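In: Here's a sequence, model it:
(chains A, B, C, D, E, F and G, ligands or ions: 2)
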Amino acid sequence: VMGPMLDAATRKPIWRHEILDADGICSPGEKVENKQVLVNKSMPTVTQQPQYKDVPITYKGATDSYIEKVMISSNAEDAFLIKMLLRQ
Amino acid sequence: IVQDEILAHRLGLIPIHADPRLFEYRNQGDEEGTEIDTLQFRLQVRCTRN
Amino acid sequence: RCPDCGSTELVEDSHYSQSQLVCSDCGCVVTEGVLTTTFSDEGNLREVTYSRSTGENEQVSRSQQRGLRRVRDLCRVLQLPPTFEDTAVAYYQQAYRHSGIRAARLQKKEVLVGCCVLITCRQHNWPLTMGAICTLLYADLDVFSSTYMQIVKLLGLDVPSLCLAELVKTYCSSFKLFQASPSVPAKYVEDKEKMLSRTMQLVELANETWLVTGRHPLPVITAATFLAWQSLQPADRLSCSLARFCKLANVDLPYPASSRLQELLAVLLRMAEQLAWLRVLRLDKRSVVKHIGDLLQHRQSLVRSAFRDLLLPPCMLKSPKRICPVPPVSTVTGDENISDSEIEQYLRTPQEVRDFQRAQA
Amino acid sequence: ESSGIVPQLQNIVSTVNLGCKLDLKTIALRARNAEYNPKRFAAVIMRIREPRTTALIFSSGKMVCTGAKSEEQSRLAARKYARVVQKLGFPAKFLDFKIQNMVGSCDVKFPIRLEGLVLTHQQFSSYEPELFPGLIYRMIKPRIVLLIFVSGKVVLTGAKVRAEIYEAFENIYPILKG
Amino acid sequence: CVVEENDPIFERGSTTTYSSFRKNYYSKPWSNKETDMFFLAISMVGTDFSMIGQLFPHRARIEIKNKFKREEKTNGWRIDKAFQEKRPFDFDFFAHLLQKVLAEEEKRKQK
Amino acid sequence: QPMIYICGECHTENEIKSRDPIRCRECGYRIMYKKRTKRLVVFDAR
Amino acid sequence: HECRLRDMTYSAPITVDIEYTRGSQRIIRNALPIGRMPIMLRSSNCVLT
Ligand SMILES: [Zn+2]
Ligand SMILES: [Zn+2]
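Out: Numbers count the residues shown, from 1 in each chain, chains lettered A, B, ... in the order given. Ligands and ions are numbered 1, 2, ... in the order given. What follows is the structure:
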């Protein structure tokens, strides 16, 4: 998960990465609009330096939604499962 | 545990004893509010064990 | 770039469910529309893997197939995830790429399966004992280690060190002193969390006091968990022995576990001497078990002072006055030789030749 | 800023060819200190009064002399063997002599954290305490395999000249000290 | 059918098992007189272990080789003196000494 | 940057970096929630 | 609830005690896992009952 891509012009995150926290995960309490990313996920393309391409989880919705909780669990396969609870 | 929107709705449903004749309607926009047409009520409650 | 103004401010902005790469300066639509599939269409595309579409799985020998099937069988027996299974098969193929391991012994390839499983288990910080690996692999430890060294020297893959806490937890989960079973009475049953924390503190003390370095870790883990089980209730367990505990827990008693226990108890006695009230009590290797708990409360300063006043094998701490004595350099070479008397005294006489012939007739 | 410690070579291994075929049967029959068993091994074991030395002579003239402490001592032992082979009744010669390997030992006189050493030089080290108590380091500048023990003793092997072992030890000393 | 010929074993805990690495060798130590007669056999034969193992029935050739290596590594002057001294190969008296050593070890076991 | 989280049962503020096994001290529960943001959010009483 | 949150299965380890003959020597095992049976909620072995 990559951090929020801060805009060098205003030293603030862009409108798309505005709701992301320092760790790139959207924090509860804020409102999510249409075409906004919740997890700035980047995955390698090799499977010498790894080449990560971004595949963020954009929110498809006509109306706004508020993040209530963000649960992060770890499975036995070292896989991190992130669940964000949107409310309307 | 109460949702933020439900809490805001309940707070909006609370009446205010302020006299409306001494105030005026807020113009289009101006979310900052002016001293003439706005009232501020702070609510800070921290629950803890006795 | 934009075809009209030539600007490079091309942004992908979806306008009401319409993906469109449009310029941000003049709004010139560069490209629009994307072809996706549809669900019935998705349903009808069948899933085919690269193992079949690329062309592999056909230029494989029956021996390599048996090795892969054994890898998968051992993986499923150990109940490791499919990610571990995939990593294991990948490392097995990578090792088989080499010819030295390709044309090897049956035991060689069996130990190769075992070592690939071990490397896959280590790469994810997962504890798994080479002893159990060999037990489930139908092999001996000598050839196992020999082939492991050979394959690691031939490949050069990352070999993460076996974490001590993970192995401690894995071995503590084995003991049956958590649930009251018919055989084990309730007195021997102890708490799981507290005993595991005590064993972790004890094995950390052992790792910081130079007890696990150079020696097998599992005997030290056994000694630590035994000391914790005795300290959690010293009264009823003052007479219990290491062999008795192993018999009660149904665990194969390690041989050097006794020596590790004796050394750890000596370290604990040193910590007691460092402490004030214990050095006045004048405890011993049998009465310090009740205060082991207190020794771990402030073990930092205690170990610091103990090192102020290095742990090495007993065979080296016997007052090594003459360390590595300098041997007398003797480079006397003469001109080219010495004489022929030594050649004659080395040559076998006819009598000795005939005697040897009569003996070996 | 030298280390102040000098290793000690305990073994010098060198192959040398005699240039003529040999009859191992007669070589073992006409000698007292001869050890040879064709069904077990196809090399005759020769042992002399040099301080320490074992020659593995073969029928093709190739013989490996080991156990010596210096290159000159190994050469003397090889020449002694060759003279013994000549006196046994064979046209043996001393040709193609070159040091193949030399094993040395040294001590640093302070403990070493093998886990820290392997975490710092993993790509150049290997540590498996469940198999061998010694950490196995493989360096290239020294051109040497080193067995390092917790007690502070290091055994180096895989060199060709004493200077290689010396410089390898001088280079590895500050890494172990730090 | 197995008519109660074997007994069930309560071994192999399904939990886990460890390694041994040491299985069979388990040699047996020597004695003073045995070391003396071993040095005698060395002086009488040489370094060929085949004949030494043939003449020693109760000790293994691998153990003999280990002992010879240990002597070469620790006591070199003794090996030098042994190679200096020489004795013609004796068979009947050697068998008599073997019987004497058998009687001596029998007396030891009795003690 | 200190990233803070909350446990599912202990409800204690734990600080962990990236690529760490999700766990909480003095327990073994593997449910970690993220604290609520500190930014100002405006709500409408409608 | 933890299973629902972590997207895993709520099952119990199926174990058995067996006896076999490796080399004509009868060897027995008092506890060996063979599978995992999904446990129904509010069952006899469920933690909710
Ligand atoms: Zn444009
Ligand atoms: Zn917690």
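
In: touching chain F at all, the strand of greatest length in chain A?
Out: Criterion DSSP state E: the longest strand present in chain A is strand A:65-74. Yes. Legend: contact between strand A:65-74 and chain F by CB under 8 Å from any CB of the partner chain is shown at A:69, A:70, A:71, A:72, A:73, A:74. C-beta coordinates here come from the backbone N, C-alpha and C atoms, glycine included.

In: Just among those, which is most surrounded?
Out: For those, the largest neighbour count, defined by other CB atoms under 10 Å in any protein chain shown, is 23 neighbours, found at residue A:70.

In: which non-adjacent residue is nearest that residue?
Out: Spatially, and ignoring its direct neighbours in sequence, residue A:70 is nearest to residue F:34 (4.2 Å; CB to CB, 6 or more residues apart in numbering or on different chains).

In: What is the neighbour count of the one you found?
Out: Count around residue F:34 with other CB under 10 Å applied: 23.

In: again with residue C:257
Out: A count of nearby residues for residue C:257, using other CB under 10 Å, gives 21.

In: helix or strand for the nearest residue to residue D:43 once chain neighbours are set aside, which one?
Out: Using CB to CB, 6+ apart and skipping residues adjacent in sequence, the residue nearest residue D:43 is residue D:56, 4.3 Å away. In the assignment (DSSP states H and E), residue D:56 maps to strand D:54-57.

In: Can you tell me what sits against whatever helix or strand comes next after that strand?
Out: From strand D:54-57 onward toward the C-terminus, using DSSP H and E, the following helix or strand is strand D:62-66. Contacting residues not belonging to strand D:62-66 are listed as D:11-18, D:46, D:53-57, D:74, D:77-78, D:81, D:100 [CB atoms under 8 Å, 6 or more residues apart in numbering or on different chains].

In: switch to 6 Å and redo it
Out: D:13, D:14, D:15, D:16, D:17, D:54, D:55, D:56, D:57, D:74, D:77, D:78 (CB atoms under 6 Å, 6 or more residues apart in numbering or on different chains).

In: so what does the longest strand of chain A touch, helix or strand wise?
Out: strand A:80-87, strand F:32-33 (3 or more CB pairs under 6 Å, 6 or more residues apart in numbering or on different chains; DSSP states H and E).

In: That one pairs with which strands, parallel or anti?
Out: With DSSP bridges as the test, strand A:65-74 is paired with strand A:31-32 (antiparallel), strand A:80-87 (antiparallel), strand F:32-33 (antiparallel).

In: Please give the centre-to-centre distance between the longest one and its chain.
Out: So the one you mean is strand A:80-87. Distance of strand A:80-87 from its chain centroid, counting by CA atoms, centre = their mean, to the nearest Å, is 10 Å.

In: returning to what we had before: can I get the helices and strands packed on strand A:65-74 in JSON lines including mean neighbour count?
Out: Listed next are those as JSON lines, based on neighbours: other CB atoms under 10 Å in any protein chain shown:
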{"stretch": "strand A:80-87", "mean neighbour count": "15"}
{"stretch": "strand F:32-33", "mean neighbour count": "18"}
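
In: out of the ones you listed, nearest to residue C:300?
Out: strand F:32-33 (29.3 Å; CB to CB).

In: Mind listing residues that contact the closest one?
Out: Against strand F:32-33 from outside (CB under 6 Å, 6+ apart): A:69, A:71, A:72, F:5, F:6, F:22.

In: Same check on stretch C:24-44?
Out: C:2, C:4, C:5, C:7, C:9, C:10, C:11, C:19, C:20, C:21, C:22.

In: Tell me the buried residues in it?
Out: Residues of stretch C:24-44 classed as buried by neighbour count (16 or more other CB atoms under 10 Å in any protein chain shown): none.

In: Kindly report the same for stretch E:34-41.
Out: E:34, E:37, E:38, E:39, E:40, E:41.

In: and which of the residues you listed is nearest chain G?
Out: residue E:34 (39.0 Å; CB to the nearest CB).

In: gap between that closest one and residue A:11?
Out: 89 Å (CB to CB, to the nearest Å).
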